[PDB]
């Protein structure tokens, strides 16, 4: 509550809109200006209920220095969610990832330097690369280096994750070189309401609702560490308000599951047979396992995740997509068509 006039970039997207709702509901002294370009992923509907005196949407690009300058002159912090976020899009056309994830971040950093304001960079666990599966690790996942920590080497695999990693590197250098008041969070895979239907969980749920088979990349052995977006929001809030300047905090809820298990759970909850899905073309350079040790955040800032029951969180998510079909139905055909250009049943 030290910050009264914040900019949230990318706040019309999935995680960003959840954070804006978090702020609106829990920190009534904060005015939020969302800067969002409304790409395919941005959706004014994710904000509409709360737009008004407390929350303004400004449609524009984080790489538009003149616009960013105008907004930053009136702000006391920037929370940066704006990104091209999808690995599969980045493999088809990296160009917007370069522009938004790196050039965009640069532009916002230079504004933060100019006005000497607080900057929180929202990043991802994918910057660290991949890990082996637990069955293949001498400590079964519990040993040193078998999860990501704030000391783990960057080793990104894709155009998406390398542009994210690159953005993280310039944030840190802007701290050291210019004294920018920045922190960074690297979070594991989010799920919950308002996630774009291109992403794994909502794609399967909405495919089922639309009468299309879910799609599993390869055999589905890949492992993601799932956190509910609501816990991501409180994590970012903790770091924004209490984080040590220049530090990286990892956010995760100890929720590792393989894709096959998540899909099978979705099928069971939606009353579908356990074989009612297609294996499809695997992703180029697909990252195997991601896993976060969130000890630093928990121990230093007192944060704890509330949604640690994945089965319950997934039920609520399923219900959300089922109750909000008008939010996604018009995008379904185009998203499945785009996937068909590069994915076949195997």
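Positions refer to the first chain, counted from 1.
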Per the PDB record, is the mean Cα temperature factor higher over 19 to 27 or over 326 to 334? 326 to 334
Check the entry's C-alpha temperature factors for 88 to 96 and 166 to 174, then say which stretch has the higher mean. 88 to 96
Entry record, C-alpha B-factors for 246, 156, 104, 132; the maximum is at 246
In this PDB entry, which of 225, 110, 275, 126 has the top CA B-factor? 275
Entry-reported Cα temperature factor of residue 307, expressed as the chain third it lands in: highest
Where the record places residue 36 (Cα B-factor, split into thirds across the chain): lowest
Is residue 212 in the lowest, middle or highest third of its chain when residues are ranked by C-alpha B-factor? highest
Lowest, middle or highest third: where is residue 301 by Cα B-factor in its chain? highest
Where does residue 313 sit by CA temperature factor within its chain: lowest, middle or highest third? highest
